[PDB]
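File shown here: input29.txt, holding compact mmCIF, C-alpha atoms.
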# COMPACT_ATOMS: atom_id res chain seq x y z
CA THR A 5 -12.62 6.06 27.96
CA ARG A 6 -13.66 3.99 24.95
CA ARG A 7 -11.03 5.75 22.83
CA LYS A 8 -8.17 4.35 24.91
CA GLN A 9 -9.64 0.83 25.00
CA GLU A 10 -10.23 0.75 21.25
CA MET A 11 -6.80 2.27 20.62
CA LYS A 12 -5.05 -0.29 22.84
CA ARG A 13 -6.69 -3.18 20.97
CA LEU A 14 -5.75 -1.62 17.62
CA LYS A 15 -2.03 -1.50 18.39
CA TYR A 16 -2.32 -5.11 19.58
CA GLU A 17 -3.65 -6.49 16.28
CA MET A 18 -0.98 -4.52 14.40
CA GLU A 19 1.82 -6.31 16.25
CA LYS A 20 0.21 -9.66 15.43
CA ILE A 21 0.15 -8.69 11.74
CA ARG A 22 3.83 -7.75 11.93
CA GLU A 23 4.58 -11.09 13.58
CA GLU A 24 2.52 -12.85 10.91
CA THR A 25 4.67 -10.92 8.43
CA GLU A 26 7.85 -12.31 9.98
CA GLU A 27 6.69 -15.90 9.41
CA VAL A 28 6.51 -14.99 5.71
CA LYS A 29 10.00 -13.47 5.88
CA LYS A 30 11.27 -16.75 7.34
CA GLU A 31 9.65 -18.62 4.46
CA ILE A 32 11.20 -16.07 2.09
CA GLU A 33 14.56 -16.56 3.82
CA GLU A 34 14.26 -20.35 3.94
CA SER A 35 12.85 -20.32 0.40
CA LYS A 36 16.16 -18.87 -0.87
CA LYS A 37 17.79 -22.31 -0.61
CA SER A 41 16.33 -18.06 -11.31
CA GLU A 42 15.37 -14.59 -12.48
CA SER A 43 11.64 -15.02 -11.85
CA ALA A 44 12.09 -16.19 -8.26
CA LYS A 45 14.58 -13.42 -7.48
CA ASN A 46 12.32 -10.74 -8.96
CA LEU A 47 9.35 -12.10 -7.00
CA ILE A 48 11.20 -12.23 -3.67
CA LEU A 49 12.36 -8.63 -4.08
CA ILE A 50 8.72 -7.66 -4.59
CA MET A 51 7.91 -9.62 -1.44
CA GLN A 52 10.69 -7.78 0.40
CA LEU A 53 9.31 -4.50 -0.95
CA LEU A 54 5.79 -5.41 0.18
CA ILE A 55 7.13 -6.30 3.62
CA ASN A 56 8.92 -2.96 3.89
CA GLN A 57 5.63 -1.27 2.98
CA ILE A 58 3.97 -3.22 5.81
CA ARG A 59 6.74 -1.90 8.04
CA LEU A 60 5.87 1.70 7.18
CA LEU A 61 2.13 1.07 7.55
CA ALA A 62 2.85 -0.06 11.12
CA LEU A 63 5.08 2.92 11.92
CA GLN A 64 2.28 5.15 10.61
CA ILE A 65 -0.22 3.63 13.04
CA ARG A 66 2.25 4.33 15.83
CA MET A 67 2.64 7.94 14.67
CA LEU A 68 -1.15 8.29 14.63
CA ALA A 69 -1.38 6.73 18.09
CA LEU A 70 1.08 9.33 19.39
CA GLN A 71 -1.36 12.06 18.35
CA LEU A 72 -4.13 10.15 20.14
CA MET B 4 -22.15 17.52 15.27
CA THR B 5 -24.16 14.38 14.51
CA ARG B 6 -23.76 14.63 10.73
CA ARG B 7 -19.97 14.69 11.13
CA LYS B 8 -20.20 11.52 13.21
CA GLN B 9 -22.67 9.92 10.77
CA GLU B 10 -20.32 10.01 7.78
CA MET B 11 -17.60 8.62 10.05
CA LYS B 12 -19.90 5.71 10.92
CA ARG B 13 -20.85 5.02 7.30
CA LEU B 14 -17.20 4.91 6.22
CA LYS B 15 -16.42 2.52 9.08
CA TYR B 16 -18.92 0.02 7.68
CA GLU B 17 -17.35 0.27 4.22
CA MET B 18 -14.07 -0.79 5.83
CA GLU B 19 -15.61 -3.58 7.92
CA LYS B 20 -17.21 -5.03 4.79
CA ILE B 21 -13.84 -4.90 3.00
CA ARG B 22 -12.09 -6.52 5.97
CA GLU B 23 -14.62 -9.36 5.76
CA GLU B 24 -14.06 -10.05 2.05
CA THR B 25 -10.30 -9.98 2.61
CA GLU B 26 -10.41 -12.41 5.54
CA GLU B 27 -12.40 -14.93 3.48
CA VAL B 28 -9.82 -14.92 0.68
CA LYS B 29 -7.13 -15.59 3.30
CA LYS B 30 -8.96 -18.78 4.28
CA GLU B 31 -9.11 -19.93 0.65
CA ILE B 32 -5.41 -19.11 0.34
CA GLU B 33 -4.71 -21.20 3.45
CA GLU B 34 -6.58 -24.11 1.85
CA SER B 35 -4.51 -23.68 -1.32
CA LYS B 36 -1.16 -23.90 0.48
CA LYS B 37 -1.83 -27.24 2.22
CA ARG B 38 -2.58 -28.90 -1.12
CA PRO B 39 0.93 -28.51 -2.60
CA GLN B 40 1.06 -26.06 -5.51
CA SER B 41 3.37 -25.21 -8.38
CA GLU B 42 6.64 -23.43 -7.69
CA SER B 43 5.14 -20.27 -9.20
CA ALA B 44 1.79 -20.55 -7.41
CA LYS B 45 3.66 -20.75 -4.10
CA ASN B 46 5.26 -17.32 -4.49
CA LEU B 47 1.97 -15.86 -5.73
CA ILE B 48 0.29 -17.16 -2.56
CA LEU B 49 3.03 -15.66 -0.39
CA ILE B 50 2.58 -12.28 -2.08
CA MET B 51 -1.18 -12.50 -1.52
CA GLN B 52 -0.43 -13.12 2.16
CA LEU B 53 1.47 -9.82 2.35
CA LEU B 54 -1.10 -7.77 0.43
CA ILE B 55 -3.76 -9.19 2.76
CA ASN B 56 -1.65 -8.12 5.74
CA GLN B 57 -1.49 -4.60 4.27
CA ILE B 58 -5.29 -4.47 3.88
CA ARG B 59 -5.65 -5.27 7.58
CA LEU B 60 -3.13 -2.63 8.62
CA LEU B 61 -5.04 -0.14 6.47
CA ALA B 62 -8.24 -1.17 8.26
CA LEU B 63 -6.59 -0.46 11.62
CA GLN B 64 -5.51 2.94 10.28
CA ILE B 65 -9.11 3.85 9.42
CA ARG B 66 -10.24 3.02 12.96
CA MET B 67 -7.40 5.25 14.19
CA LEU B 68 -8.59 8.34 12.30
CA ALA B 69 -12.17 7.61 13.35
CA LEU B 70 -11.10 7.80 16.99
CA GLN B 71 -9.25 11.07 16.41
CA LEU B 72 -12.30 12.49 14.64
CA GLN B 73 -14.49 11.21 17.47
CA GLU B 74 -12.56 13.62 19.71
CA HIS C 3 5.32 11.52 28.97
CA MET C 4 6.95 14.30 26.95
CA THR C 5 10.38 12.63 26.86
CA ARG C 6 8.98 9.14 26.21
CA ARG C 7 6.66 10.27 23.41
CA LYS C 8 9.55 12.13 21.78
CA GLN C 9 11.86 9.11 21.93
CA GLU C 10 9.14 6.77 20.65
CA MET C 11 8.62 9.34 17.90
CA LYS C 12 12.37 9.60 17.27
CA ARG C 13 12.80 5.83 16.97
CA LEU C 14 9.83 5.73 14.59
CA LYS C 15 11.46 8.26 12.26
CA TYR C 16 14.86 6.63 12.78
CA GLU C 17 13.63 3.09 12.08
CA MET C 18 11.82 4.59 9.09
CA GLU C 19 15.06 6.11 7.77
CA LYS C 20 16.54 2.60 7.67
CA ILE C 21 13.69 1.11 5.63
CA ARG C 22 14.11 3.87 3.06
CA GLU C 23 17.81 3.08 2.71
CA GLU C 24 16.97 -0.61 2.25
CA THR C 25 14.53 0.21 -0.55
CA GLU C 26 17.20 2.35 -2.24
CA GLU C 27 19.67 -0.54 -2.55
CA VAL C 28 16.97 -2.68 -4.18
CA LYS C 29 16.35 0.24 -6.54
CA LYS C 30 19.98 0.06 -7.64
CA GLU C 31 19.87 -3.72 -8.10
CA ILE C 32 16.70 -3.45 -10.19
CA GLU C 33 18.11 -0.61 -12.29
CA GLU C 34 21.13 -2.75 -13.14
CA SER C 35 18.58 -5.47 -13.89
CA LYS C 36 16.63 -2.87 -15.87
CA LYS C 37 19.74 -2.30 -17.99
CA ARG C 38 20.35 -6.00 -18.65
CA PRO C 39 18.15 -7.75 -21.24
CA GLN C 40 15.09 -9.60 -19.94
CA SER C 41 11.81 -10.99 -21.21
CA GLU C 42 8.65 -8.91 -21.49
CA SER C 43 7.39 -10.48 -18.26
CA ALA C 44 10.57 -9.80 -16.28
CA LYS C 45 10.67 -6.22 -17.58
CA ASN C 46 7.09 -5.76 -16.38
CA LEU C 47 8.14 -7.20 -13.02
CA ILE C 48 10.91 -4.59 -12.89
CA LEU C 49 8.33 -1.93 -13.75
CA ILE C 50 6.03 -3.23 -11.02
CA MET C 51 8.92 -3.09 -8.55
CA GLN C 52 9.62 0.52 -9.50
CA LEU C 53 6.03 1.45 -8.64
CA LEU C 54 6.27 -0.30 -5.27
CA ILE C 55 9.44 1.66 -4.54
CA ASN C 56 7.81 4.97 -5.44
CA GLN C 57 4.84 4.30 -3.16
CA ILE C 58 7.17 3.34 -0.32
CA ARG C 59 8.62 6.84 -0.67
CA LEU C 60 5.18 8.39 -0.26
CA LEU C 61 4.49 6.39 2.89
CA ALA C 62 7.83 7.65 4.22
CA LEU C 63 6.77 11.22 3.44
CA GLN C 64 3.49 10.57 5.24
CA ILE C 65 5.40 9.56 8.38
CA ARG C 66 7.66 12.61 8.12
CA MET C 67 4.53 14.76 7.91
CA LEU C 68 2.86 13.11 10.90
CA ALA C 69 6.09 13.68 12.81
CA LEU C 70 6.01 17.39 12.00
CA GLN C 71 2.30 17.55 12.79
CA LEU C 72 3.37 16.09 16.15
CA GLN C 73 6.46 18.29 16.47
CA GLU C 74 4.52 21.50 15.79
CA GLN D 9 -10.23 25.24 -4.03
CA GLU D 10 -8.14 22.47 -2.50
CA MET D 11 -11.15 20.39 -1.41
CA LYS D 12 -12.86 20.22 -4.81
CA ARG D 13 -9.51 19.53 -6.49
CA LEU D 14 -8.90 16.77 -3.94
CA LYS D 15 -12.43 15.39 -4.30
CA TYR D 16 -12.39 15.81 -8.08
CA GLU D 17 -9.00 14.08 -8.33
CA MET D 18 -10.30 11.30 -6.08
CA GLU D 19 -13.67 10.82 -7.78
CA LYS D 20 -11.61 10.72 -10.97
CA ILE D 21 -9.52 7.87 -9.54
CA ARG D 22 -12.73 5.96 -8.76
CA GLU D 23 -13.40 5.84 -12.51
CA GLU D 24 -9.95 4.68 -13.63
CA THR D 25 -10.11 1.82 -11.13
CA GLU D 26 -13.56 0.87 -12.41
CA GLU D 27 -11.96 0.56 -15.84
CA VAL D 28 -9.64 -2.03 -14.29
CA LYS D 29 -12.46 -3.79 -12.42
CA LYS D 30 -14.48 -4.26 -15.61
CA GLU D 31 -11.55 -5.99 -17.31
CA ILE D 32 -11.24 -8.41 -14.38
CA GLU D 33 -14.90 -9.38 -14.59
CA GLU D 34 -14.60 -9.72 -18.36
CA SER D 35 -11.45 -11.76 -17.75
CA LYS D 36 -13.23 -14.00 -15.25
CA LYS D 37 -15.94 -14.53 -17.88
CA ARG D 38 -13.19 -15.86 -20.18
CA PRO D 39 -11.62 -19.28 -19.50
CA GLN D 40 -8.24 -18.91 -17.81
CA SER D 41 -5.21 -20.81 -16.64
CA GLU D 42 -4.69 -21.42 -12.93
CA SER D 43 -1.84 -18.90 -13.01
CA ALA D 44 -4.24 -16.22 -14.27
CA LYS D 45 -6.69 -16.73 -11.41
CA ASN D 46 -3.85 -16.15 -8.95
CA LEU D 47 -3.17 -12.81 -10.65
CA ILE D 48 -6.88 -11.96 -10.64
CA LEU D 49 -6.82 -12.54 -6.88
CA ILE D 50 -3.88 -10.15 -6.56
CA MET D 51 -5.75 -7.54 -8.58
CA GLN D 52 -8.78 -8.04 -6.32
CA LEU D 53 -6.62 -7.66 -3.21
CA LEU D 54 -5.01 -4.60 -4.80
CA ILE D 55 -8.42 -3.06 -5.54
CA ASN D 56 -9.53 -3.70 -1.95
CA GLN D 57 -6.50 -1.64 -0.89
CA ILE D 58 -7.54 1.18 -3.23
CA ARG D 59 -11.04 1.07 -1.75
CA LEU D 60 -9.58 1.47 1.75
CA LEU D 61 -7.19 4.30 0.90
CA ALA D 62 -10.21 6.09 -0.56
CA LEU D 63 -12.12 5.76 2.71
CA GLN D 64 -9.10 7.07 4.62
CA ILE D 65 -9.14 10.15 2.40
CA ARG D 66 -12.76 10.80 3.36
CA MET D 67 -11.80 10.36 7.02
CA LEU D 68 -9.01 12.92 6.59
CA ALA D 69 -11.43 15.24 4.80
CA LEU D 70 -14.01 14.77 7.56
CA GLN D 71 -11.43 15.92 10.12
CA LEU D 72 -9.96 18.96 8.37
CA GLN D 73 -13.39 20.21 7.25
CA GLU D 74 -14.58 20.55 10.86
CA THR E 5 12.00 27.50 10.41
CA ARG E 6 13.38 23.96 10.24
CA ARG E 7 9.84 22.76 9.52
CA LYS E 8 9.99 25.10 6.53
CA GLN E 9 13.18 23.46 5.25
CA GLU E 10 11.32 20.15 5.60
CA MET E 11 8.43 21.30 3.40
CA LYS E 12 10.99 22.32 0.77
CA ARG E 13 12.29 18.74 0.81
CA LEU E 14 8.77 17.30 0.82
CA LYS E 15 7.43 19.37 -2.08
CA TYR E 16 10.47 18.58 -4.21
CA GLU E 17 10.59 14.97 -3.00
CA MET E 18 7.07 14.34 -4.28
CA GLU E 19 7.44 15.85 -7.75
CA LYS E 20 10.51 13.67 -8.21
CA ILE E 21 8.21 10.76 -7.34
CA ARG E 22 5.51 12.00 -9.71
CA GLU E 23 8.06 12.07 -12.54
CA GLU E 24 9.12 8.44 -12.04
CA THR E 25 5.55 7.11 -12.06
CA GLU E 26 5.07 9.02 -15.31
CA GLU E 27 8.16 7.15 -16.54
CA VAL E 28 6.48 3.83 -15.74
CA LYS E 29 3.26 5.11 -17.31
CA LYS E 30 5.23 5.82 -20.48
CA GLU E 31 6.44 2.22 -20.52
CA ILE E 32 2.92 0.85 -20.03
CA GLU E 33 1.51 2.80 -22.98
CA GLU E 34 4.37 1.72 -25.24
CA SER E 35 3.99 -1.79 -23.80
CA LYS E 36 0.33 -1.84 -24.87
CA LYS E 37 1.40 -0.91 -28.42
CA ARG E 38 2.72 -4.45 -29.03
CA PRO E 39 0.87 -7.79 -28.97
CA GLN E 40 0.92 -9.10 -25.42
CA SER E 41 0.52 -12.50 -23.81
CA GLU E 42 -2.50 -12.94 -21.55
CA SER E 43 -0.24 -12.91 -18.48
CA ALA E 44 1.57 -9.68 -19.36
CA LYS E 45 -1.80 -8.01 -19.94
CA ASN E 46 -2.69 -8.92 -16.35
CA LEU E 47 0.70 -7.60 -15.22
CA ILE E 48 -0.10 -4.30 -16.95
CA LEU E 49 -3.52 -4.15 -15.27
CA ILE E 50 -1.69 -4.71 -11.98
CA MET E 51 0.84 -1.91 -12.42
CA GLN E 52 -2.02 0.37 -13.48
CA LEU E 53 -3.59 -0.37 -10.09
CA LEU E 54 -0.28 0.37 -8.37
CA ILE E 55 -0.01 3.71 -10.17
CA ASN E 56 -3.52 4.51 -8.95
CA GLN E 57 -2.47 3.70 -5.39
CA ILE E 58 0.40 6.16 -5.83
CA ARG E 59 -2.12 8.82 -6.85
CA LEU E 60 -4.09 8.23 -3.65
CA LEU E 61 -1.08 8.43 -1.32
CA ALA E 62 0.02 11.75 -2.82
CA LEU E 63 -3.47 13.09 -2.15
CA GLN E 64 -3.22 11.93 1.47
CA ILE E 65 0.10 13.78 1.78
CA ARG E 66 -1.45 16.89 0.27
CA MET E 67 -4.42 16.52 2.61
CA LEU E 68 -2.12 15.84 5.56
CA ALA E 69 -0.35 19.08 4.59
CA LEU E 70 -3.59 21.07 4.43
So that I can check it, write out the structure of this file as structure tokens.
Amino acid sequence: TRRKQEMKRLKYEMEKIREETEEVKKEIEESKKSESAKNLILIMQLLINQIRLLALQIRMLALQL
Amino acid sequence: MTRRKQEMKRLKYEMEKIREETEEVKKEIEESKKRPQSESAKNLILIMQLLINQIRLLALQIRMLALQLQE
Amino acid sequence: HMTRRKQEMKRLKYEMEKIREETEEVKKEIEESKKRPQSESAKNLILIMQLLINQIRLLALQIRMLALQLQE
Amino acid sequence: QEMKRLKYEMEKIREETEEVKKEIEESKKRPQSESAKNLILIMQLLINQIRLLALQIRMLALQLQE
Amino acid sequence: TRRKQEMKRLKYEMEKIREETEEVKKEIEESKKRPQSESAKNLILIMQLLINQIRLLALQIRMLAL
């Protein structure tokens, strides 16, 4: 019983993180109104993609649960 | 049986402690962003936001495995 | 259950296959940037990017594995 | 065979990251620019990640073992 | 059968990844051979952390395979 309740809450926080990640993307998007800035934003886009995969992973793990 | 669960409980605390330290830094980062910063410091803060978000995902992932090992 | 899990699994792998393609385009932009001449700092940025890309790939592999651990 | 290699390779990683952690603390003992401190934060966040991946590995080991 | 073709891709896929990180590692060592600003030294320490993270993921994959 406790496995399902803990699991449900876990997936919930994840979504909130993803949504918190989208606010950053908006700032990244809006912030794109020089080489350093461009290189940094790419890194930020790379980090965000990584966050995307981390979330998919948790979903894959949940499937097994 | 119990030893297997014990190590799983110890490792869970090592995460929880890490989650704490990370959440505190987030607060300090939030306090840095209100006080306007340099154009470079801004991007560095935004990157820190993402890395923090990854830490938290990774903490969720450790709770996931711990469930699966529970059963 | 069986058909919903599969689809949810399929969309996970599918949506994953898009993120990998996105990272590849950035890899080509950076490698053109890697060719052009840039300061020591910018070069190190490029290097840092290349590491990020490589460790995206390993997360992708991890998902592919989990999928197969689910499929089999 | 695989376990020891995995553990040995991991325990080895714990050392190479400690080599990085020492430099940070030595850095922090030296006077820095504001820009530096932001990087030191990033390296601290990065190390936190490494700490967590390491705990995941033990979790995975815990499972497969039994 | 198909899962076997996937392992073929996955084993190769990795070692291609392991070669590229080595390529970055080669640039870090040659980087360190020249005088470096305080910032770029912190950059290097960062990418060394990233390389470590790559090591850990590969182990997870290996352990997920076992």
Checklist entry - Just how far from CA of residue 25 in chain E is CA of residue 66 in chain C, in Å to one decimal? => result 21.0 Å
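For the pair CA of residue 57 in chain D and CA of residue 53 in chain C, the separation is 15.1 Å.
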Next on the checklist: With 10 Å as the threshold, what does the neighbourhood of (11.7, -7.8, 0.7) contain in terms of residues, counting only C-alpha atoms? Coordinates are those of the file; answer as a PyMOL selection string.
Outcome noted: (chain A and resi 29+32-33+47-57) or (chain C and resi 24-25+28)
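Shell of residue 48 in chain D at 10 Å, with all atoms listed in the file counted and residues fewer than 5 places along the chain excluded, is residues 32, 33, 35, 36, 42, 43, 53 and 54 of chain D; 46, 47, 49 and 50 of chain E.
Rounded to one decimal, CA of residue 36 in chain C and CA of residue 23 in chain E lie 17.5 Å from each other.
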